[PDB]
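What follows is the content of model_6.cif (mmCIF, C-alpha atoms).
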```cif
data_start
loop_
_atom_site.label_atom_id
_atom_site.label_comp_id
_atom_site.auth_asym_id
_atom_site.auth_seq_id
_atom_site.Cartn_x
_atom_site.Cartn_y
_atom_site.Cartn_z
CA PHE A 1 33.16 -4.46 -52.30
CA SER A 2 30.86 -1.42 -52.34
CA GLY A 3 29.41 0.69 -49.55
CA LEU A 4 26.19 0.74 -51.57
CA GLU A 5 25.22 -2.51 -49.89
CA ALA A 6 26.54 -1.20 -46.59
CA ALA A 7 23.85 1.44 -46.91
CA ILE A 8 21.20 -1.27 -47.36
CA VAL A 9 22.27 -2.72 -44.01
CA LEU A 10 22.83 0.65 -42.37
CA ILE A 11 19.13 1.22 -42.85
CA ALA A 12 18.42 -2.07 -41.09
CA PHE A 13 20.70 -1.27 -38.16
CA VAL A 14 19.04 2.14 -37.83
CA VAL A 15 15.50 0.87 -38.32
CA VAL A 16 15.62 -1.89 -35.69
CA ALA A 17 17.30 0.70 -33.47
CA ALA A 18 14.46 3.15 -34.02
CA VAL A 19 11.87 0.41 -33.46
CA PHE A 20 13.62 -0.76 -30.33
CA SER A 21 14.03 2.88 -29.43
CA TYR A 22 10.37 3.38 -30.21
CA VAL A 23 9.19 0.46 -28.09
CA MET A 24 11.72 0.91 -25.28
CA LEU A 25 10.35 4.41 -24.87
CA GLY A 26 6.84 2.98 -24.86
CA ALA A 27 8.05 0.21 -22.59
CA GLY A 28 9.76 2.94 -20.61
CA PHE A 29 6.84 5.34 -20.27
CA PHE A 30 4.67 2.45 -19.12
CA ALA A 31 7.49 1.50 -16.75
CA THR A 32 7.40 5.04 -15.42
CA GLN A 33 3.62 5.43 -15.52
CA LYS A 34 3.41 2.13 -13.65
CA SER A 35 6.12 3.28 -11.24
CA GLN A 36 3.95 6.32 -10.59
CA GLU A 37 0.76 4.37 -9.98
CA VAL A 38 2.27 2.15 -7.29
CA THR A 39 3.60 5.30 -5.62
CA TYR A 40 0.26 7.08 -5.67
CA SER A 41 -1.42 3.93 -4.42
CA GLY A 42 1.50 3.49 -2.03
CA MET A 43 0.85 6.79 -0.26
CA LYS A 44 -2.87 6.23 -0.62
CA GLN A 45 -2.39 2.87 1.07
CA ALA A 46 -0.97 4.47 4.21
CA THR A 47 -2.91 7.74 4.30
CA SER A 48 -6.32 6.20 3.55
CA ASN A 49 -6.31 4.78 7.08
CA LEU A 50 -9.56 5.06 9.04
CA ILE A 51 -9.94 5.38 12.80
CA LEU A 52 -12.31 4.69 15.65
CA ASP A 53 -12.97 8.02 17.39
CA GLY A 54 -13.63 8.07 21.12
CA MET A 55 -15.67 5.71 23.29
CA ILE A 56 -17.68 2.72 22.16
CA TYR A 57 -21.24 3.00 23.47
CA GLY A 58 -23.85 0.28 23.33
CA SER A 59 -27.50 -0.55 23.90
CA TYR A 60 -27.98 -3.50 26.24
CA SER A 61 -30.84 -5.62 27.55
CA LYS A 62 -31.05 -7.73 30.71
CA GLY A 63 -34.20 -9.52 29.64
CA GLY A 64 -32.82 -9.45 26.12
CA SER A 65 -29.91 -11.59 24.95
CA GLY A 66 -27.30 -8.94 25.79
CA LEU A 67 -25.45 -6.11 24.06
CA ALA A 68 -27.57 -5.49 20.99
CA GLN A 69 -26.72 -2.23 19.29
CA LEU A 70 -23.17 -0.94 19.57
CA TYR A 71 -22.26 2.68 18.92
CA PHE A 72 -18.82 3.93 18.07
CA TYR A 73 -17.80 6.91 16.04
CA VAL A 74 -15.47 6.39 13.14
CA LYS A 75 -13.45 9.14 11.55
CA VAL A 76 -10.74 9.88 9.04
CA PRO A 77 -7.54 11.76 9.87
CA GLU A 78 -7.54 15.40 8.74
CA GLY A 79 -4.77 14.52 6.30
CA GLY A 80 -6.47 11.30 5.26
CA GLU A 81 -8.22 10.27 2.04
CA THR A 82 -12.01 10.24 1.74
CA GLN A 83 -13.78 6.98 2.50
CA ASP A 84 -16.83 4.88 1.66
CA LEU A 85 -18.46 3.04 4.55
CA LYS A 86 -20.32 0.85 2.06
CA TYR A 87 -16.99 -0.96 1.57
CA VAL A 88 -15.90 -0.97 5.22
CA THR A 89 -16.49 -4.37 6.84
CA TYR A 90 -16.98 -4.94 10.54
CA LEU A 91 -15.73 -8.27 11.86
CA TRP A 92 -17.12 -9.40 15.21
CA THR A 93 -16.45 -11.88 17.99
CA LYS A 94 -18.10 -12.86 21.27
CA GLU A 95 -15.75 -14.45 23.79
CA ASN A 96 -13.35 -16.41 21.53
CA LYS A 97 -16.12 -17.62 19.22
CA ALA A 98 -15.32 -18.02 15.52
CA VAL A 99 -15.65 -14.79 13.49
CA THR A 100 -18.72 -13.79 11.59
CA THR A 101 -18.57 -10.61 9.51
CA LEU A 102 -21.29 -8.16 10.53
CA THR A 103 -24.38 -7.38 8.48
CA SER A 104 -26.54 -4.70 10.09
CA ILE A 105 -24.95 -1.25 10.21
CA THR A 106 -26.81 2.07 10.27
CA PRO A 107 -24.58 4.05 7.90
CA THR A 108 -24.77 1.29 5.29
CA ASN A 109 -24.31 3.79 2.47
CA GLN A 110 -22.44 7.05 3.08
CA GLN A 111 -19.05 8.71 2.59
CA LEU A 112 -16.68 10.44 5.00
CA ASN A 113 -14.61 13.39 3.83
CA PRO A 114 -11.23 13.27 5.54
CA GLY A 115 -11.42 14.98 8.92
CA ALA A 116 -15.05 14.00 9.51
CA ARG A 117 -16.93 11.39 11.53
CA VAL A 118 -20.09 9.28 11.58
CA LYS A 119 -22.04 7.30 14.17
CA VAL A 120 -21.67 3.63 13.26
CA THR A 121 -24.28 1.33 14.76
CA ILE A 122 -23.53 -2.38 14.98
CA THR A 123 -26.03 -5.10 15.72
CA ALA A 124 -24.43 -8.38 16.71
CA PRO A 125 -25.79 -11.47 14.92
CA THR A 126 -28.18 -13.82 16.72
CA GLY A 127 -25.55 -15.95 18.46
CA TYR A 128 -22.84 -13.35 19.03
CA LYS A 129 -24.58 -10.81 21.31
CA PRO A 130 -22.13 -10.42 24.22
CA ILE A 131 -23.29 -10.34 27.83
CA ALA A 132 -21.70 -8.68 30.86
CA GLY A 133 -18.22 -10.07 31.50
CA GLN A 134 -17.82 -11.43 27.96
CA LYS A 135 -15.16 -9.81 25.82
CA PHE A 136 -15.85 -8.97 22.18
CA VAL A 137 -13.60 -7.79 19.35
CA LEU A 138 -14.52 -5.54 16.47
CA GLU A 139 -12.14 -5.29 13.53
CA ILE A 140 -12.78 -2.26 11.37
CA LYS A 141 -11.58 -2.83 7.84
CA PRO A 142 -11.75 0.15 5.52
CA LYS A 143 -11.12 -0.72 1.89
CA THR A 144 -7.53 0.23 1.07
CA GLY A 145 -6.29 1.13 4.54
CA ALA A 146 -4.85 -0.07 7.83
CA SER A 147 -7.34 -2.20 9.69
CA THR A 148 -8.04 -1.46 13.33
CA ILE A 149 -9.30 -3.73 16.04
CA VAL A 150 -11.07 -2.67 19.20
CA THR A 151 -11.38 -5.30 21.90
CA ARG A 152 -13.51 -4.62 24.93
CA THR A 153 -14.90 -6.68 27.76
CA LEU A 154 -18.15 -5.66 29.35
CA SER A 155 -17.57 -5.27 33.07
CA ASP A 156 -19.71 -7.81 34.85
CA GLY A 157 -22.09 -5.15 35.68
CA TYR A 158 -23.09 -2.98 32.74
CA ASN A 159 -26.86 -2.63 32.53
CA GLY A 160 -25.73 -0.83 29.36
CA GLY A 161 -24.31 2.46 28.11
CA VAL A 162 -20.69 3.49 27.65
CA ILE A 163 -18.11 0.74 27.31
CA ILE A 164 -15.28 2.09 29.41
CA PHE B 1 28.55 -2.22 -37.59
CA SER B 2 28.33 1.55 -37.12
CA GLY B 3 27.89 3.69 -34.01
CA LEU B 4 25.54 5.83 -36.09
CA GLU B 5 22.74 3.49 -35.11
CA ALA B 6 24.08 3.33 -31.58
CA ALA B 7 23.34 7.05 -31.46
CA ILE B 8 19.75 6.38 -32.52
CA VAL B 9 19.37 4.13 -29.49
CA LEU B 10 21.46 6.32 -27.21
CA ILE B 11 18.76 8.93 -27.69
CA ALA B 12 16.14 6.40 -26.63
CA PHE B 13 18.06 5.34 -23.52
CA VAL B 14 18.51 9.00 -22.58
CA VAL B 15 14.96 10.03 -23.43
CA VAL B 16 13.19 7.33 -21.39
CA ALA B 17 15.68 8.17 -18.66
CA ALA B 18 14.75 11.86 -18.81
CA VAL B 19 11.04 11.00 -18.89
CA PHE B 20 11.40 8.60 -15.99
CA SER B 21 13.62 11.21 -14.37
CA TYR B 22 10.98 13.78 -15.16
CA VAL B 23 8.12 11.75 -13.70
CA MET B 24 10.06 10.30 -10.77
CA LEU B 25 10.79 13.86 -9.73
CA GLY B 26 7.11 14.67 -10.11
CA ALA B 27 6.28 11.40 -8.39
CA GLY B 28 8.90 12.39 -5.85
CA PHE B 29 7.75 15.93 -5.15
CA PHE B 30 4.22 14.63 -4.66
CA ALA B 31 5.71 11.93 -2.44
CA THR B 32 7.39 14.67 -0.44
CA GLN B 33 4.50 17.12 -0.58
CA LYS B 34 2.26 14.28 0.60
CA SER B 35 4.80 13.35 3.26
CA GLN B 36 4.58 16.96 4.42
CA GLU B 37 0.78 17.07 4.55
CA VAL B 38 0.45 14.02 6.80
CA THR B 39 3.05 15.59 9.10
CA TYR B 40 1.27 18.92 9.28
CA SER B 41 -2.01 17.13 9.83
CA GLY B 42 -0.17 14.79 12.19
CA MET B 43 0.85 17.57 14.55
CA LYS B 44 -2.47 19.26 13.95
CA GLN B 45 -4.15 16.02 14.97
CA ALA B 46 -2.52 16.07 18.40
CA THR B 47 -2.37 19.80 19.07
CA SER B 48 -5.92 20.58 17.92
CA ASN B 49 -7.18 18.91 21.10
CA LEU B 50 -9.98 20.68 22.98
CA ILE B 51 -10.63 20.61 26.70
CA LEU B 52 -13.36 20.97 29.29
CA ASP B 53 -12.32 23.80 31.62
CA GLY B 54 -13.35 23.66 35.28
CA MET B 55 -16.62 22.59 36.87
CA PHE C 1 31.68 -3.52 -47.41
CA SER C 2 29.24 -6.34 -46.60
CA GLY C 3 26.89 -6.89 -43.67
CA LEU C 4 27.93 -10.53 -43.82
CA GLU C 5 30.85 -9.67 -41.57
CA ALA C 6 28.60 -7.42 -39.51
CA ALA C 7 26.69 -10.58 -38.69
CA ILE C 8 29.90 -12.24 -37.50
CA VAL C 9 30.32 -9.41 -35.01
CA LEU C 10 26.63 -9.14 -34.21
CA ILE C 11 26.93 -12.64 -32.83
CA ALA C 12 29.82 -11.51 -30.64
CA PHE C 13 27.96 -8.47 -29.33
CA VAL C 14 24.95 -10.67 -28.55
CA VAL C 15 26.97 -13.53 -27.08
CA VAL C 16 29.00 -11.45 -24.61
CA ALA C 17 25.71 -9.75 -23.79
CA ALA C 18 24.05 -13.10 -23.09
CA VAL C 19 27.05 -14.26 -21.05
CA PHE C 20 27.13 -11.01 -19.11
CA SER C 21 23.36 -11.28 -18.89
CA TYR C 22 23.79 -14.86 -17.79
CA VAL C 23 26.34 -14.06 -15.08
CA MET C 24 24.79 -10.77 -13.97
CA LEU C 25 21.62 -12.73 -13.27
CA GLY C 26 23.68 -15.29 -11.38
CA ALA C 27 25.58 -12.44 -9.76
CA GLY C 28 22.20 -10.88 -9.16
CA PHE C 29 20.41 -13.86 -7.65
CA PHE C 30 23.34 -14.34 -5.29
CA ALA C 31 23.16 -10.62 -4.58
CA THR C 32 19.50 -11.08 -3.72
CA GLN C 33 19.91 -14.42 -1.96
CA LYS C 34 22.68 -12.82 0.08
CA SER C 35 20.52 -9.75 0.68
CA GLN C 36 17.88 -12.15 2.02
CA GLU C 37 20.25 -14.01 4.34
CA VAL C 38 21.47 -10.88 6.12
CA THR C 39 17.82 -9.88 6.59
CA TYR C 40 16.80 -13.22 8.03
CA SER C 41 19.86 -13.18 10.26
CA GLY C 42 19.16 -9.50 10.90
CA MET C 43 15.76 -10.17 12.43
CA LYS C 44 17.11 -13.31 14.02
CA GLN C 45 19.85 -11.20 15.57
CA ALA C 46 17.33 -9.01 17.41
CA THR C 47 14.58 -11.53 18.14
CA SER C 48 16.89 -14.32 19.35
CA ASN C 49 17.47 -12.30 22.51
CA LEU C 50 17.41 -14.21 25.80
CA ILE C 51 16.33 -12.91 29.19
CA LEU C 52 16.83 -13.42 32.91
CA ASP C 53 13.40 -14.12 34.40
CA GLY C 54 12.65 -12.97 37.94
CA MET C 55 14.81 -13.05 41.06
#
```

What is this file in structure tokens?
Amino acid sequence: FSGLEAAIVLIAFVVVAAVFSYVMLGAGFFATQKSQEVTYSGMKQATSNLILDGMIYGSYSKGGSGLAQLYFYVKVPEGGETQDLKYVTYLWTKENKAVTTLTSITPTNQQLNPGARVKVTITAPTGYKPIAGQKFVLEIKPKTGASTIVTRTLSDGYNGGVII
Amino acid sequence: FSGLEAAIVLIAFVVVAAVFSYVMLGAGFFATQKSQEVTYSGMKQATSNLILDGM
Amino acid sequence: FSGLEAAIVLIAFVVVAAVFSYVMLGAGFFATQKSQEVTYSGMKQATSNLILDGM
């Protein structure tokens, strides 16, 4: 029995080790580099949150169907991540109707640096224009971020203007 | 079976550990340094309030 | 010295690995499935609260 053949095998033990070592490192870096991505996205998930800033105003018409335009400022926290309103979606409801997502918004295509604001203008779709005394909900859904909801009910009253 | 090859692997276990250790720390500092920023901004969000004074 | 015998052992290293692997998974699922139960009970502990209503 000669160690000459033991050498032949010793290569094989070493080689598969190096290959496993090679891949495990590659498997490992990817493990790490993946573990990093979820973390970066993880913080970005929380901090990318967008916010309704201050009162919700609206245009209203007596002879018209009701609340037509709606005005509310939307902002990003000073520590937040920048945003794209093109990808924000505004869900709308008039007095426990079904939902319809909302099409016509003035800032259709603009970005907000964190710690800035914009005047969003919603027009409710043909059937969903709320009238005095009818509550409506507006869910503001920024892409990658906590989604708000702002429910209001027009006082039965309200020829228009600020929604208290 | 020789531990000579076990060494070859032991490197690999250690190295990926050190790299993960390396990045996780970097991932971690950023986690922390991010966690700090939101806090600083968080207090700054509340305390930066401005007020109408008098009539 | 022949790797023929190394094979005989290589089985043994692999087998005890697979058995440990086998059990650790079983140990692990139970670990998880236990970790789930305490959580379910944990929320159920708080939310199962009962209240005196009115006078």

Chain C in the frame of chain B after Cα least-squares fit, as a PDB file with C-alpha atoms, in the coordinates of the input:
```
ATOM      1  CA  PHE C   1      28.553  -2.221 -37.598  1.00  0.00           C
ATOM      2  CA  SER C   2      28.323   1.558 -37.121  1.00  0.00           C
ATOM      3  CA  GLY C   3      27.886   3.695 -34.014  1.00  0.00           C
ATOM      4  CA  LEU C   4      25.545   5.827 -36.093  1.00  0.00           C
ATOM      5  CA  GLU C   5      22.733   3.488 -35.118  1.00  0.00           C
ATOM      6  CA  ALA C   6      24.084   3.339 -31.579  1.00  0.00           C
ATOM      7  CA  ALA C   7      23.338   7.045 -31.456  1.00  0.00           C
ATOM      8  CA  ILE C   8      19.745   6.381 -32.516  1.00  0.00           C
ATOM      9  CA  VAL C   9      19.376   4.127 -29.488  1.00  0.00           C
ATOM     10  CA  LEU C  10      21.454   6.318 -27.205  1.00  0.00           C
ATOM     11  CA  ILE C  11      18.771   8.929 -27.683  1.00  0.00           C
ATOM     12  CA  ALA C  12      16.143   6.396 -26.631  1.00  0.00           C
ATOM     13  CA  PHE C  13      18.056   5.334 -23.528  1.00  0.00           C
ATOM     14  CA  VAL C  14      18.515   8.994 -22.579  1.00  0.00           C
ATOM     15  CA  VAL C  15      14.960  10.030 -23.426  1.00  0.00           C
ATOM     16  CA  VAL C  16      13.189   7.332 -21.393  1.00  0.00           C
ATOM     17  CA  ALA C  17      15.680   8.170 -18.659  1.00  0.00           C
ATOM     18  CA  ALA C  18      14.749  11.855 -18.815  1.00  0.00           C
ATOM     19  CA  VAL C  19      11.037  11.004 -18.891  1.00  0.00           C
ATOM     20  CA  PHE C  20      11.414   8.600 -15.991  1.00  0.00           C
ATOM     21  CA  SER C  21      13.624  11.213 -14.371  1.00  0.00           C
ATOM     22  CA  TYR C  22      10.980  13.781 -15.163  1.00  0.00           C
ATOM     23  CA  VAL C  23       8.113  11.758 -13.689  1.00  0.00           C
ATOM     24  CA  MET C  24      10.060  10.292 -10.770  1.00  0.00           C
ATOM     25  CA  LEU C  25      10.785  13.863  -9.720  1.00  0.00           C
ATOM     26  CA  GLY C  26       7.104  14.674 -10.117  1.00  0.00           C
ATOM     27  CA  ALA C  27       6.284  11.400  -8.395  1.00  0.00           C
ATOM     28  CA  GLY C  28       8.895  12.386  -5.860  1.00  0.00           C
ATOM     29  CA  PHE C  29       7.754  15.931  -5.152  1.00  0.00           C
ATOM     30  CA  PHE C  30       4.228  14.625  -4.655  1.00  0.00           C
ATOM     31  CA  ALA C  31       5.718  11.930  -2.445  1.00  0.00           C
ATOM     32  CA  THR C  32       7.391  14.668  -0.433  1.00  0.00           C
ATOM     33  CA  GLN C  33       4.491  17.115  -0.582  1.00  0.00           C
ATOM     34  CA  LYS C  34       2.255  14.285   0.596  1.00  0.00           C
ATOM     35  CA  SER C  35       4.794  13.336   3.262  1.00  0.00           C
ATOM     36  CA  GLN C  36       4.587  16.959   4.426  1.00  0.00           C
ATOM     37  CA  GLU C  37       0.788  17.068   4.542  1.00  0.00           C
ATOM     38  CA  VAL C  38       0.454  14.021   6.792  1.00  0.00           C
ATOM     39  CA  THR C  39       3.049  15.600   9.098  1.00  0.00           C
ATOM     40  CA  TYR C  40       1.272  18.928   9.280  1.00  0.00           C
ATOM     41  CA  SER C  41      -2.014  17.130   9.837  1.00  0.00           C
ATOM     42  CA  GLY C  42      -0.162  14.789  12.189  1.00  0.00           C
ATOM     43  CA  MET C  43       0.849  17.576  14.547  1.00  0.00           C
ATOM     44  CA  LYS C  44      -2.471  19.261  13.956  1.00  0.00           C
ATOM     45  CA  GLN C  45      -4.156  16.019  14.965  1.00  0.00           C
ATOM     46  CA  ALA C  46      -2.528  16.071  18.412  1.00  0.00           C
ATOM     47  CA  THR C  47      -2.365  19.809  19.078  1.00  0.00           C
ATOM     48  CA  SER C  48      -5.923  20.587  17.931  1.00  0.00           C
ATOM     49  CA  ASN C  49      -7.177  18.907  21.094  1.00  0.00           C
ATOM     50  CA  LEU C  50      -9.976  20.668  22.976  1.00  0.00           C
ATOM     51  CA  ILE C  51     -10.624  20.611  26.708  1.00  0.00           C
ATOM     52  CA  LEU C  52     -13.367  20.972  29.294  1.00  0.00           C
ATOM     53  CA  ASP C  53     -12.328  23.799  31.620  1.00  0.00           C
ATOM     54  CA  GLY C  54     -13.351  23.660  35.274  1.00  0.00           C
ATOM     55  CA  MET C  55     -16.625  22.593  36.871  1.00  0.00           C
TER      56      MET C  55
END
```

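The space between atom CA of residue C:3 and atom CA of residue B:10 spans 21.8 Å.
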
- Could you check how far atom CA of residue A:86 sits from atom CA of residue A:111, in Å to one decimal? 8.0 Å

- List the residues matched by the PyMOL selection byres ((chain A and resi 59-65) around 8) in the displayed structure as a ChimeraX atom specification, ordered by chain and then by residue number. /A:57-58,66-71,129-131,159-161

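Atom pair atom CA of residue A:118 / atom CA of residue B:51: separated by 21.1 Å.
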
- Query: Applied to the shown file, which residues does the PyMOL selection byres ((chain A and resi 42) around 12) return, written as a VMD selection string?
  - Reply: (chain A and resid 34 to 41 43 to 48 144 to 145) or (chain B and resid 27 30 to 31 34 to 35)

- Message: When the PyMOL selection byres ((chain C) within 10 of (chain B)) is applied to the structure above, which residues does it catch, written out as a list in words?
- Response: residues 2, 3, 5, 6, 7, 9 and 10 of chain C

I need the residues from that last selection saved to file as an mmCIF file, keeping the file's coordinate frame (with C-alpha atoms), if you can.
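For reference, result-v4.cif as written:
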```cif
data_model
loop_
_atom_site.group_PDB
_atom_site.id
_atom_site.type_symbol
_atom_site.label_atom_id
_atom_site.label_comp_id
_atom_site.auth_asym_id
_atom_site.auth_seq_id
_atom_site.Cartn_x
_atom_site.Cartn_y
_atom_site.Cartn_z
ATOM 1 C CA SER C 2 29.240 -6.340 -46.600
ATOM 2 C CA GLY C 3 26.890 -6.890 -43.670
ATOM 3 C CA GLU C 5 30.850 -9.670 -41.570
ATOM 4 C CA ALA C 6 28.600 -7.420 -39.510
ATOM 5 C CA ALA C 7 26.690 -10.580 -38.690
ATOM 6 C CA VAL C 9 30.320 -9.410 -35.010
ATOM 7 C CA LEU C 10 26.630 -9.140 -34.210
#
```

- Task: Restrict the distance test to all atoms listed in the file, flag each residue of chain B within 7 Å of chain A, and return the flagged residues as a ChimeraX atom specification.
- Result: /B:5,8-9,12,16,20,23,27,37-38,41

Give me, as a PDB file with C-alpha atoms, in the coordinates of the input, all polymer residues having an atom no more than 10 Å from residue A:55, counting only C-alpha atoms and skipping those fewer than 2 positions away in the same chain.
```
ATOM      1  CA  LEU A  52     -12.310   4.690  15.650  1.00  0.00           C
ATOM      2  CA  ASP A  53     -12.970   8.020  17.390  1.00  0.00           C
ATOM      3  CA  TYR A  57     -21.240   3.000  23.470  1.00  0.00           C
ATOM      4  CA  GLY A  58     -23.850   0.280  23.330  1.00  0.00           C
ATOM      5  CA  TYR A  71     -22.260   2.680  18.920  1.00  0.00           C
ATOM      6  CA  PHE A  72     -18.820   3.930  18.070  1.00  0.00           C
ATOM      7  CA  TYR A  73     -17.800   6.910  16.040  1.00  0.00           C
ATOM      8  CA  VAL A 162     -20.690   3.490  27.650  1.00  0.00           C
ATOM      9  CA  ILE A 163     -18.110   0.740  27.310  1.00  0.00           C
ATOM     10  CA  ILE A 164     -15.280   2.090  29.410  1.00  0.00           C
TER      11      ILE A 164
END
```

Quick one: 6 Å padding each side, axis-aligned, all listed atoms of stretch 32-38 of chain B - centre and edge lengths in Å to one decimal, as AutoDock Vina command-line options?
```
--center_x 3.9 --center_y 15.2 --center_z 3.1 --size_x 18.9 --size_y 15.8 --size_z 19.4
```
